[PDB]
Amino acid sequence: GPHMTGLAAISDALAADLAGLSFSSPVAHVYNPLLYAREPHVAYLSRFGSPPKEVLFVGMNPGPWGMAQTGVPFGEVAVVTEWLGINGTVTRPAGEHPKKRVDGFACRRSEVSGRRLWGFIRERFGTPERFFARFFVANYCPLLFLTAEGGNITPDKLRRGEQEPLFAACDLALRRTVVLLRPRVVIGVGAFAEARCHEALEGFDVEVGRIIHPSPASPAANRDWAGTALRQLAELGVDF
């Protein structure tokens, strides 16, 4: 297959692979920020994703108020505009649901998860350049899935028949990402992402580990997400 010159090639190949897939009830709507938030997504890939990296963080899929708005993984609006310096054109997905509107950089909801993750990175590293010198953050699946009533559907809850071709496409993009960036360690943010990384990357010369996911759905994340993750990283051998 084609040579992957960079992350943007990889994301474009992924979007193409995704565009051929079908999803059905209870999926009613599928959002692909790789298409509607392409300019800010490619900004993030091009400004911060130059190879090599030592460590790759991998999330699961966009939150409605983060990457679905900005094109950036865990991409809370404020942190993407203020810290990363990215603020660009975001159009609305085909069939946008009214309970999950894509206002882009005008979105006024703050995503907790990405606020916590990027805020901790900002606190530990100061500038983006000190972080991205060694690290990167990507999602395994760039799509957001909703029911007809606008409810989120995580990719683990898709019917197997539709899940398998989705995961095949996402695994291929992940392997391509790892061959380009050459990290020593790939870290799933949460259990689902961790399990996909072990599945996709077996036999590569990389270690795979996990950190706690920053969402309020975990008690430890509310008490001390940063201290917890900082411990996990240290147990993995990762300097943060």
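When you see a residue number, it is the position in the sequence shown, counting from 1.
With 70 to 78 and 154 to 162 compared on mean CA B-factor from the PDB entry, the stretch scoring higher is 154 to 162. According to the PDB record, 188 to 196 carries the higher mean C-alpha B-factor of the two stretches 39 to 47 and 188 to 196. Of the candidates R115, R130, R92, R122, the PDB record gives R92 the highest C-alpha temperature factor. Remark: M60 belongs to the middle third of its chain, ranked by C-alpha B-factor as recorded. Ranked by Cα temperature factor within the chain, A148 sits in the highest third according to the deposited record. Ranked by C-alpha B-factor against the other modelled residues of its chain, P214 falls in the lowest third. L201 sits in the middle third of its chain by CA B factor, as recorded in the PDB entry.
Looking at the C-alpha B-factors along this chain, the one for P183 belongs to the lowest third.
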